[PDB]
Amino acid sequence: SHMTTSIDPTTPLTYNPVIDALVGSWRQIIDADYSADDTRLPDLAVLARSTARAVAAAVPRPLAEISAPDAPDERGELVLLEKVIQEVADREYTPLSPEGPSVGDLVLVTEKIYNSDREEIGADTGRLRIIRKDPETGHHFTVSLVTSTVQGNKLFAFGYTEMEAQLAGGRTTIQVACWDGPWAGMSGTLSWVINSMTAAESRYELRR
């Protein structure tokens, strides 16, 4: 924008205080002080999934659609958006170590999101933290908080993923919730396979 970065690090507020606190709890995961020396961590994959489910549940919906107090877990029909291309626009990263990625490294990234006809259908901003290096495999793991608008749907995404697996072309999945738009109150997954360091093919799966 007039040759400036597109990376604003601020998480947009929904002014739903329940959602804003839930997103805030995961922001605390992103911004904790991590050391390669750490021996204990939260159960990040479970935390990410539960937080996405909670964010979607915090969106008000008609009384007729809410679960009874003791009702079993039921999910709605699948909403699918596939054959989507996400392309990196700007990336901010200052490594802690000259040797390579380090635990505690922080990456900020923006992406443009396209359909197969190259129409821009959305955009996102991501905040990624290298949270650990596995003592047995040596692989690195990242936590991410993503804010996005896709086809008029406003999304938060919470991720705990393996870096080497993604770089090698593995399907990578993060937990998404929609708080505004046709998908409001739905949660599920955003998965992708990279085509290059700057482009990936992605797939959204959401359900009430």
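Note that residue numbering follows the sequence shown and begins at 1.
Asks: On average, are the C-alpha B-factors higher in 149-157 or in 35-43?
Replies: The deposited B-factors put 35-43 ahead on the C-alpha mean.
Asks: Look over 51-59 and 160-168 in the entry and identify the one with the greater average Cα temperature factor.
Replies: According to the entry, 160-168 carries the higher average C-alpha B-factor.
Asks: Between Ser67, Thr142, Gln28, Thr173, which one tops the list for C-alpha B-factor in the PDB entry?
Replies: Spelled out: the listed residue with the top C-alpha B-factor is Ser67.
Asks: Looking at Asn115, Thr125, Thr94, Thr137, which has the biggest Cα B factor in the entry?
Replies: Answer for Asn115, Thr125, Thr94, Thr137: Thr137, with the highest C-alpha B-factor.
Asks: Split the chain's modelled residues into thirds by Cα B-factor; is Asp105 in the lowest, middle or highest one?
Replies: Middle third, going by the recorded CA B-factors of the chain.
Asks: Splitting the chain's C-alpha B-factors into thirds, which one does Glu120 fall into?
Replies: Its C-alpha B-factor, which the entry lists for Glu120, ranks in the middle third among residues of this chain.
Asks: For the chain shown, is the CA B-factor of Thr198 in the lowest, middle or highest third of its modelled residues?
Replies: It belongs to the highest third of the chain when residues are ordered by C-alpha B-factor.
Asks: Would you please rank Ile19 by its C-alpha temperature factor against the other modelled residues of its chain and give the third it falls in: lowest, middle or highest?
Replies: Within its chain, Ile19 is a lowest-third residue by C-alpha B-factor, going by the deposited values.
Asks: Taking the entry's C-alpha B-factors for this chain, is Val88 in the lowest, middle or highest third?
Replies: Lowest third.
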